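Straight run, no breaks: the sequence shown in the deposited numbering ends on number 305.
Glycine included, C-beta positions come from ideal geometry on N, C-alpha and C.
Let me begin by presenting the structure, written as structure tokens, before commenting on it.
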Amino acid sequence: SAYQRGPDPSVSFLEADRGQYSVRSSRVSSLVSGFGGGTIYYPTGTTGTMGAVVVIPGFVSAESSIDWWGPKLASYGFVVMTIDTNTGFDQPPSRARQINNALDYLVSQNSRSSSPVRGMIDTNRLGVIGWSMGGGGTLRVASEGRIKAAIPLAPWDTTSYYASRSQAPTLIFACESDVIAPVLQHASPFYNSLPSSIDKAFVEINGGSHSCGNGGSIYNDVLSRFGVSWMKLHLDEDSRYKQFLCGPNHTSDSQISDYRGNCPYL
Ligand SMILES: [Cl-]
Ligand SMILES: [Cl-]
Ligand code: NA
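Dropping the structure here:
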């Protein structure tokens, strides 16, 4: 692929705290229109353009909740912006609008001569990661046709309508023990509703409470192996990452209580 970055991968490469690039960050003021500000993480030392990803939290949570994803994913070769919403009380439709405004914001930074990410962003290769109500927001955006990869984390929403209309390869992380967005009412029906025409996966984390997809605790191995691979394969067309997503006996992993998907990915 024209978009491939980094060494030929292994589980060890994915399990490491960082990928091949050093990372820097830049704050985006909450005064910005369209969302509550955030932090842009980006790799240093690179040339050319790369995929860009927005990461969004859930109800009454801040960007810190999901910020493990920022440096982790950036270090493999992505521009990754973790955001706050306008208020913690925003619901999924509002969160979808703010994901779109944050994506537009990154797109705009690519051509701003003062931006630290000027010229780094392939504005046709965009992804989204979102927790809980932000994961409902993620599925809403996935149904709109712009983004090329979606990772809902312990999603919450009031309908499966948008999941049934997803236009982007979608990996849902579920948390087995979730009592806030119970899997039987949210992540499972949303996955089950996804169309047959997209690459898709459901990874339910064994014993996980509702925060199990956020990163930064005891679940980084599964989150890394599936999550980085998902963005590599779907944003970079990097078929070197298929080996992690299709082949292995996922349910047999101690960290996975349930797996579903439509491998092989073609
Ligand atoms: Cl929520
Ligand atoms: Cl919980
Ligand atoms: Na298992």
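Burial state of residue i (16 or more Cβ within 10 Å)
{"i": "residue 256", "result": "exposed"}
{"i": "residue 254", "result": "buried"}
{"i": "residue 49", "result": "exposed"}
{"i": "residue 291", "result": "exposed"}
{"i": "residue 246", "result": "exposed"}
{"i": "residue 117", "result": "buried"}
{"i": "residue 47", "result": "exposed"}
{"i": "residue 222", "result": "buried"}
{"i": "residue 272", "result": "buried"}
{"i": "residue 126", "result": "exposed"}
{"i": "residue 148", "result": "buried"}
{"i": "residue 70", "result": "exposed"}
{"i": "residue 128", "result": "exposed"}
Helix, strand or coil at residue i [DSSP, three-state]
{"i": "residue 297", "result": "strand"}
{"i": "residue 109", "result": "helix"}
{"i": "residue 243", "result": "strand"}
{"i": "residue 64", "result": "strand"}
{"i": "residue 260", "result": "helix"}
{"i": "residue 222", "result": "coil"}
{"i": "residue 140", "result": "helix"}
{"i": "residue 97", "result": "coil"}
{"i": "residue 279", "result": "helix"}
{"i": "residue 55", "result": "coil"}
{"i": "residue 159", "result": "coil"}
{"i": "residue 229", "result": "helix"}
{"i": "residue 192", "result": "strand"}
{"i": "residue 91", "result": "strand"}
{"i": "residue 213", "result": "strand"}
{"i": "residue 82", "result": "strand"}
{"i": "residue 184", "result": "coil"}
{"i": "residue 71", "result": "coil"}
Rounded straight-line distance, which links the Cα of residue j to that of residue i
{"i": "residue 239", "j": "residue 204", "result": "13 Å"}
{"i": "residue 151", "j": "residue 113", "result": "20 Å"}
{"i": "residue 231", "j": "residue 297", "result": "13 Å"}
{"i": "residue 14", "j": "residue 191", "result": "With the chain running from 40 to 305 in the structure shown, residue 14 is simply not present."}
{"i": "residue 122", "j": "residue 76", "result": "6 Å"}
{"i": "residue 157", "j": "residue 81", "result": "11 Å"}
{"i": "residue 229", "j": "residue 44", "result": "32 Å"}
{"i": "residue 233", "j": "residue 202", "result": "5 Å"}
{"i": "residue 304", "j": "residue 186", "result": "18 Å"}
{"i": "residue 174", "j": "residue 196", "result": "8 Å"}
{"i": "residue 198", "j": "residue 279", "result": "35 Å"}
{"i": "residue 261", "j": "residue 155", "result": "31 Å"}
{"i": "residue 84", "j": "residue 200", "result": "42 Å"}
{"i": "residue 236", "j": "residue 124", "result": "32 Å"}
{"i": "residue 224", "j": "residue 178", "result": "15 Å"}
{"i": "residue 137", "j": "residue 106", "result": "17 Å"}
{"i": "residue 277", "j": "residue 270", "result": "9 Å"}
{"i": "residue 259", "j": "residue 54", "result": "7 Å"}
{"i": "residue 302", "j": "residue 134", "result": "30 Å"}
Contact check, residue i vs residue j, beta carbons under 8 Å
{"i": "residue 111", "j": "residue 263", "result": "yes"}
{"i": "residue 251", "j": "residue 189", "result": "no"}
{"i": "residue 172", "j": "residue 266", "result": "no"}
{"i": "residue 184", "j": "residue 206", "result": "yes"}
{"i": "residue 275", "j": "residue 248", "result": "no"}
{"i": "residue 115", "j": "residue 169", "result": "no"}
Spell out a yes or no on whether the region 91-99 and the region 122-141 are touching, meaning 3 or more CB-CB pairs, one atom from each, closer than 8 Å.
-> yes
Cβ contact check for the region 81-90 and the region 158-171: 3 or more pairs under 8 Å = yes
Given 8 Å as the limit, is there contact between the region 242-253 and the region 210-219, that is, 3 or more CB pairs closer than that?
-> yes
Could you tell me whether the region 98-111 touches the region 284-302, where touching means 3 or more Cβ pairs closer than 8 Å?
-> Counting C-beta pairs with one atom in each stretch, the region 98-111 and the region 284-302 have fewer than three that are closer than 8 Å, which means they do not touch.
Okay, do the region 298-305 and the region 54-67 touch, 3+ Cβ pairs below 8 Å being the bar?
-> no
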